[PDB]
Amino acid sequence: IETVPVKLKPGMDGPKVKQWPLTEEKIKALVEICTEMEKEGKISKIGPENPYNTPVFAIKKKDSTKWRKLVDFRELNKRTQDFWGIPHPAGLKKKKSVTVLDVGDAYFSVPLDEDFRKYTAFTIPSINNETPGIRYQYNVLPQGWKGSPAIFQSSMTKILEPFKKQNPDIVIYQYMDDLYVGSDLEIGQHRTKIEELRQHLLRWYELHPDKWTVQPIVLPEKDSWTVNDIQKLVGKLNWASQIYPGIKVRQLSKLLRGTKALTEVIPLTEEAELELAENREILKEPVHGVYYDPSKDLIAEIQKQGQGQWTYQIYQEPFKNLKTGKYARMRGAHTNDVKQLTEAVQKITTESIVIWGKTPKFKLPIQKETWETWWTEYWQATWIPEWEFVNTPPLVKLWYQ
Amino acid sequence: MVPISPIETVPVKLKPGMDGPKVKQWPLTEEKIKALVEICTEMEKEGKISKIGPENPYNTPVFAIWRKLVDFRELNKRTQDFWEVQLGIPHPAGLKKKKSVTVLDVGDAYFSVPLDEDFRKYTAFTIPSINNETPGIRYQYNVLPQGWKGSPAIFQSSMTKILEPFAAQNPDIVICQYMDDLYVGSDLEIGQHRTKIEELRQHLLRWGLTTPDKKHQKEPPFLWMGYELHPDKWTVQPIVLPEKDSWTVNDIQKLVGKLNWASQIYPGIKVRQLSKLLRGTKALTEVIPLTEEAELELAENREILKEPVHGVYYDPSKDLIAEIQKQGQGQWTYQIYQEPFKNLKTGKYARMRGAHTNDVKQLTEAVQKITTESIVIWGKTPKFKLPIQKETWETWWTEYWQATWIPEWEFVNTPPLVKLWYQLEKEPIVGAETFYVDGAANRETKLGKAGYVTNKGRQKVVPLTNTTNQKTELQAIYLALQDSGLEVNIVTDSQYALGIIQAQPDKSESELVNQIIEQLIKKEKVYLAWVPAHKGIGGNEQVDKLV
Ligand SMILES: Cc1c(Oc2ccccc2OCCn2ccc(=O)[nH]c2=O)cc(Cl)c2ccc(C#N)cc12
Numbered sequence: 089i090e091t092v093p094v095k096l097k098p099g100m101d102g103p104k105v106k107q108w109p110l111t112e113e114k115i116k117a118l119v120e121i122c123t124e125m126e127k128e129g130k131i132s133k134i135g136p137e138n139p140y141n142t143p144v145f146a147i148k149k150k151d152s153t154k155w156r157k158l159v160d161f162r163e164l165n166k167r168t169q170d171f172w173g174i175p176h177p178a179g180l181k182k183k184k185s186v187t188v189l190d191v192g193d194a195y196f197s198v199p200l201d202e203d204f205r206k207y208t209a210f211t212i213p214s215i216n217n218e219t220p221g222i223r224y225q226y227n228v229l230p231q232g233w234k235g236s237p238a239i240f241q242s243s244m245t246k247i248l249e250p251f252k253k254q255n256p257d258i259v260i261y262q263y264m265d266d267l268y269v270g271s272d273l274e275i276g277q278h279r280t281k282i283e284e285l286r287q288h289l290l291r292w293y294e295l296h297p298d299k300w301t302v303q304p305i306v307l308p309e310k311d312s313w314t315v316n317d318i319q320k321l322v323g324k325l326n327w328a329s330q331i332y333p334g335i336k337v338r339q340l341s342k343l344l345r346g347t348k349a350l351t352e353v354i355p356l357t358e359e360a361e362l363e364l365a366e367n368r369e370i371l372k373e374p375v376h377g378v379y380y381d382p383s384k385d386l387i388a389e390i391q392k393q394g395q396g397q398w399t400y401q402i403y404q405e406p407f408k409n410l411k412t413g414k415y416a417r418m419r420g421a422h423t424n425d426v427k428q429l430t431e432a433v434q435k436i437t438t439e440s441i442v443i444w445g446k447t448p449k450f451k452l453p454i455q456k457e458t459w460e461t462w463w464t465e466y467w468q469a470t471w472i473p474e475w476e477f478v479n480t481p482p483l484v485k486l487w488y489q
Numbered sequence: 201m202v203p204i205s206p207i208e209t210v211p212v213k214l215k216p217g218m219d220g221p222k223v224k225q226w227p228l229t230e231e232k233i234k235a236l237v238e239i240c241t242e243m244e245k246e247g248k249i250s251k252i253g254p255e256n257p258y259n260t261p262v263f264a265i266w267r268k269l270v271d272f273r274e275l276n277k278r279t280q281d282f283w284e285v286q287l288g289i290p291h292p293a294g295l296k297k298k299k300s301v302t303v304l305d306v307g308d309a310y311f312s313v314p315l316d317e318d319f320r321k322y323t324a325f326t327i328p329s330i331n332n333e334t335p336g337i338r339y340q341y342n343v344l345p346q347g348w349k350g351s352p353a354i355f356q357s358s359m360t361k362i363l364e365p366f367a368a369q370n371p372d373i374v375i376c377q378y379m380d381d382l383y384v385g386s387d388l389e390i391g392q393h394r395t396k397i398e399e400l401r402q403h404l405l406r407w408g409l410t411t412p413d414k415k416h417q418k419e420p421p422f423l424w425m426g427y428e429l430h431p432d433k434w435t436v437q438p439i440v441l442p443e444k445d446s447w448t449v450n451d452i453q454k455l456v457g458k459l460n461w462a463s464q465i466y467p468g469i470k471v472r473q474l475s476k477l478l479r480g481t482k483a484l485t486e487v488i489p490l491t492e493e494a495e496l497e498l499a500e501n502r503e504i505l506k507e508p509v510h511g512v513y514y515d516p517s518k519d520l521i522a523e524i525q526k527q528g529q530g531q532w533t534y535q536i537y538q539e540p541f542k543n544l545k546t547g548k549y550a551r552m553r554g555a556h557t558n559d560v561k562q563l564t565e566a567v568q569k570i571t572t573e574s575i576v577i578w579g580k581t582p583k584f585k586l587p588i589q590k591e592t593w594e595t596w597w598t599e600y601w602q603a604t605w606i607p608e609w610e611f612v613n614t615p616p617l618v619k620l621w622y623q624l625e626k627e628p629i630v631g632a633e634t635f636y637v638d639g640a641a642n643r644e645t646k647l648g649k650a651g652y653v654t655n656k657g658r659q660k661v662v663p664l665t666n667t668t669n670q671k672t673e674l675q676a677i678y679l680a681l682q683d684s685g686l687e688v689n690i691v692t693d694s695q696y697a698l699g700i701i702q703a704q705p706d707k708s709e710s711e712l713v714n715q716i717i718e719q720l721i722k723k724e725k726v727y728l729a730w731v732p733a734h735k736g737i738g739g740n741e742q743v744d745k746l747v
C-alpha cells in the first residue's frame, strides 16, 4: 500500500522499443484484457508526452483457452537499476520434485512508484495503421519486470513465513512471476501440499530434478569395426581431447594405415583396445576444474538431432560444460521444428533458473527471420531469455548424439 | 454563445539540462515587416498568439515568404521526444470495401488545439521594427505552432480522445484517423451515411473543429500518398520513368525507388540489374552505363508498366491467398488475392547478400516477408501457394540441420519448381570407391597441390598456381567427384569444405563450389566423411600434397 522509490541506471534513458505486428485475435484479446485492467486501475491511458515503449503480445498457457498478456520487459529489465541479495538455494536442484506456481496476480495489489510509471509504457497496435495504437502505462507492479519480485520480496516472505515455519524440509524459491517449490514427498502428497500452499496464497507442472543429471561422453562397443567406425571414433576422441587431458588416438589411427574401403572391417590390435579402454576410463571421470561464476553469463547451445530429438549444453567457458542434456519430448509439435525449438528453449531456461537462478543466453540453430516470425506463437513462459543465431552447421552435432 | 468544450493541454518539457532557444532575429525588409505585422495582428485578434513583455528571454527567428514562417529548428532540437505513431501508413489493399465513404479534412488543425501554458514562453518570437529604431514587437504562441516537433503527436492524441465516444456510439461505421484527415466508411444507405457524417462534424464542432461545410472538397477518385483510391478498386498513381543517355547514381536511386513503388500492384517488376550499379554509393554525381541485362530488364519493366492494373479491396469473409513464383537470379515475385485473377496486391523479394545459397531457403525467407507484411496489412497469415512439392519440403526440413517452418501451404505446379538438387548419404556406400582427398597451399608463393588416393589404387595430384588452402581443399573434392563413378565415398579433413557442403547450396559465388555442385547433381550416391588432419590417419595423405 506504500510505494517504494525506484530509479534507473545512471546515464540510461527509458526503453524505446518498437512494437511488432500482431494478428487480429491477439489484438482483440489484448483489447479486452487491457480494458478490464483499466477498469481495475492496474493500467492507465497515457498521452503523447510519453516517448517510451515496451513490446506486448498475447499467449495461451498450459491447459487454458484464456488469452494471457505478456510484456517483453527485457530492455526495461536491463535498464532497470540493480536490486539488492538472496543467495540462490543450491538445494532446489537437489530436491526430488519441484512444482512451479504462478504468483503473478499477487503483484497487482502493490502500487508502482509514480515517477517510474512512464517507463512501463506499452502499445496495443492497430491493423494496417488505420488508427493510432492504444497506449497504456502500469500503475501497479507489472508482471515480467525484475523490480516486481524484488519489491514484493518482503510481502512474499511475510506470507510464506507460516508455511516455511511449518515444513522446514520444503525449499521455496522465487523467480519473476514464478514460485518454485521443491521437496521429497509423494506425487499425491505433493499435489495435496501444493493445493494447500495455493489455498494458503488464496486467502492472503510436475518437475523432477532428480531424473535429470549430467551426461557423459560415451564410445561405441563393437565386436567388429569398419574403417568408417574407427574414423568416426577417432574424430570424436580428438574432439573430446579438447575437454579431457589424457585422450590419445595414435594406436587407433595406426589401424587406418593404408587406403582402405570405408565399409571394410578392421580387427583391433591389442594396443588399440588398450588405448580405447584407457580413453573410456578417462571419459568416465568428471571434467577437470569446472566451476560456476555468478559474474559471468551462462551460454546455452542447442543442436537439432532430427526425429524430434534435440541436444543442449550450458557452459560459461568453452569445453567447460556446467550442464548437458537431451530434450526429446513429443507434444503436438511433430510437424513443426520451431515449436519444438521454442519448447526446448523454455525447458532449458527453466532448468537454468532452478540451478543457478538466472537465464542463459541461447545460440539457436535457426535463421533470425524464421525465429523472429514464429517464436511468440508457441511461447508459454512469463520470462524471456536472450538469444542469438548460428548460421554455420557445427561439426560437433553427432558428437553429442 | 454555445460554450465550446475545453481541450485539455498536454504537459510538455524540454530535454534535460537544456534551456529555451535564444536566437538573434534576422534583418527583414520594410515590406516583409509590414506583412508580418498585419498577419500577427490578425492572429492575435483570433487568439492564436499574444503579446509578451520584455521579461521573456527566449526568441525564435521569423521570416516572410505574404505568409509568415517561424523556424523552430533550435526549439525542435531542445524540445523533448514525443511518441510518433505515424510510422507506417494505411495500405489500400487492407481497406474493407464500404458502400459509402467520406473524407474530412480539419481546417486550422494545429491552431485549434491549446498549448501547455508553461511551455508557451519558449515559443516566443520577435518582429523587427522599421529601421530597428523601436524595440521589436514581442509575441508568443497560445496554440500548437506549425513546424513544431510536438504538434502532430498532441493534435493526434487530442483528436483521438475527441473521436473515441462517437466511434463507440456508432459501431455501424468505421473511422480511420490520419494526420489532419479523417476517413469514414459504412455500408449504410447514402442518406443515413450523409446524416452520420453531419452528426460527426457536429460532434467535432462541439470541440471547435471545423470541417468542409460545402459538398466535401474531395470526391473519388482520391489521390493520396502515391495511390489512387476508387470506389471499387485501388491502384498507384501513374509512373514517371525518366529517359536519359547519361545516368547518375541519384537517378538510379530514384528509378529503383519508383520501380519498387510500382511493384506493389504491378506483377513481375525486377530491379536487380539496376541495383547492382549502386555499389560504391555516396557519390551522387557519376556516369554509369547499362548492361544488356539491365536494358532488357528496364524495357521489360516498361512492358509491364504499359497498361494499367488495379487491386481490389479486402473481404474478411473470404480466404487470404499468397502465391509465389521464382524469377531467377535470387528474384522472387508474389501475388496476394482472394478471388482468382483479382489481386489485393503484389510484391517481390530479393535474396540476401551471401556467398552460398539455395532456392528452398530463399522461398522460406520470402514466405516470412509475405507473412509479416500480411499480418501488418490484414492482421492474419495468408494460405500459401508455393512452387515446391510437398515431399521436397518434407525431405528438406527433416534433413536440414537448422530448425525451419512454413505456415499452411499447398503445392502449385507452375515452373520453375523449387527442388533439392542433391542429397548426401547418411552412411558409407558399400561397393563404392573410397577417395581420400587432400589439398595444401604455400602461404608465400601461393603455389599448391590438390588430389586423392583411393582404395583401388587410383591416384591423382594436380599442381596449382595462385591458390589457398581452402581452394585446394575444395579442388581435391572436386577432382574426386570428377574422376569417380555414380556412387562414391569421399574422405576429407577440411572442416571448411564440409561446412560449405553441409550448408547445402545449389548456387555459389565461387566457381569452384558451383562446379562441385554441378558434379554432385550428376551423382547417384555421395557419402562425405570427415577426419582430423595430421593424426596419422592412413589414406589421408597430407604429405602427398605438401611436396
Ligand atoms: C476514403 C478513404 C478510406 O475509406 C475508408 C474509410 C473507413 C473505412 C473503410 C474505407 O474504405 C474501404 C475501401 N474504399 C476506399 C475508397 C472508396 O471510395 N471506397 C472504398 O470502399 C480509407 C483511407 Cl485509409 C483513405 C486514405 C486516404 C484518402 C484520401 N485522400 C481516402 C481514404
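Going down the list, the protein sequences come from chains A and B. Residue numbering for the first sequence follows the working numbering, beginning at 89 and increasing consecutively. Residue numbering for the second sequence follows the working numbering, beginning at 201 and increasing consecutively. For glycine and all other residues, C-beta sits at the position ideal for the given N, C-alpha and C.
- Taking 6 Å as the cut-off, one finds no heavy atom of ligand 1 near enough to the beta carbon of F251 of chain A.
- The beta carbon of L110 of chain A sits closer than 7 Å to those of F145 and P213, all from its chain and outside the five residues before and after it, given in chain order.
- Closest in C-alpha terms to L164 of chain A, from the list A:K183, A:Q231, A:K130 and A:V315, comes A:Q231.
- For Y466 of chain B, same chain residues with a beta-carbon under 7 Å away, outside a window of 5 residues either side, are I504, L505, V509 and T546 in chain order.
- At a cut-off of 7 Å, the C-beta of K735 of chain B has a neighbouring C-beta in chain A.
- Any Cβ of chain B closer than 7 Å to the Cβ of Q319 of chain A would place that residue at the interface, and such an atom is present.
- DSSP lists no bridge partner for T595 of chain B.
- The contact set of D281 of chain B on chain A, defined by CB atoms closer than 7 Å, consists of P139 in chain order.
- Listed along chain A, no residue sits closer than 7 Å to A680 of chain B by beta-carbon distance, the nearest being about 12 Å off.
- Its chain contains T209, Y341, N342, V343 and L344 as the residues whose beta carbon lies nearer than 7 Å to that of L315 of chain B, once the 5 sequence neighbours on both sides are disregarded; these appear in chain order.
- Taking a Cβ-Cβ threshold of 7 Å, the residues of chain A close to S357 of chain B are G135 and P136, in chain order.
- The residue among B:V743, B:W601 and B:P216 with its C-alpha nearest the C-alpha of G699 of chain B is B:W601.
- If you draw a straight line from the Cα of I441 of chain A to the Cα of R279 of chain A, it is about 22 Å long.
- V337 of chain A places its beta carbon less than 7 Å from that of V322 of chain A.
- Between the C-alpha atoms of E389 of chain B and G468 of chain B there is a straight-line separation of about 40 Å.
- Comparing alpha-carbon positions, the option among B:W605, B:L681 and B:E644 lying closest to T654 of chain B turns out to be B:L681.
- For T245 of chain A, no Cβ of chain B is located within less than 7 Å of the residue's own Cβ.
- According to the DSSP assignment, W605 of chain B belongs to no beta strand (DSSP E), since it is labelled neither H nor E.
- For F422 of chain B, the shortest C-beta to heavy atom distance toward ligand 1 is below 6 Å.
- At a cut-off of 7 Å between C-beta atoms, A349 of chain A counts as an interface residue with respect to chain B.
- A Cβ of chain A is located within less than 7 Å of the beta carbon of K580 of chain B.
- Counting along the chain, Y224 of chain A sits inside the beta strand (DSSP E) bounded by residues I222 to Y226.
- Assignment of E317 of chain B by DSSP, reduced to helix, strand and coil, places it in the coil class.
- For the pair of segments examined, the region 453-465 of chain A was found to touch the region 423-431 of chain A: the number of CB pairs separated by less than 8 Å reaches three.
- Of all residues in the region 448-465 of chain A, only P453, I454, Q455, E457, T458, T461 and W462 come within less than 7 Å of chain B when Cβ atoms are compared, listed by chain position.
- Across the set B:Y537, B:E507 and B:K213, the C-alpha of B:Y537 shows the shortest separation from the C-alpha of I521 of chain B.
- Residue contact with chain B for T430 of chain A: absent (no Cβ-Cβ distance below 7 Å to any residue of chain B).
- For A432 of chain A, the secondary structure class from DSSP, reduced to helix, strand or coil, is helix.
- For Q538 of chain B, the uninterrupted beta strand (DSSP E) run begins and ends at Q531 to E539, by DSSP.
- Taking C-beta atoms as the reference points, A367 of chain B and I354 of chain B fail to come closer than 7 Å.
- In terms of CA proximity to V618 of chain B, B:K707 leads the group B:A603, B:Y678 and B:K707.
- Separation of the CB atoms of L289 of chain A and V191 of chain A is rounded to 7 Å, and the pair is thereby assigned contact status at 8 Å.
- Here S517 of chain B is exposed. Its C-beta has fewer than 16 other C-beta atoms within 10 Å.
- In the structure shown, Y293 of chain A falls within a coil segment according to DSSP collapsed to helix, strand and coil.
- Within a 10 Å sphere around the beta-carbon of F161 of chain A sit 16 or more other beta-carbons, which makes this residue buried.
- Within the region 261-318 of chain A, the complete alpha helix (DSSP H) segments at least 4 residues long are 275-288, listed from N- to C-terminus.
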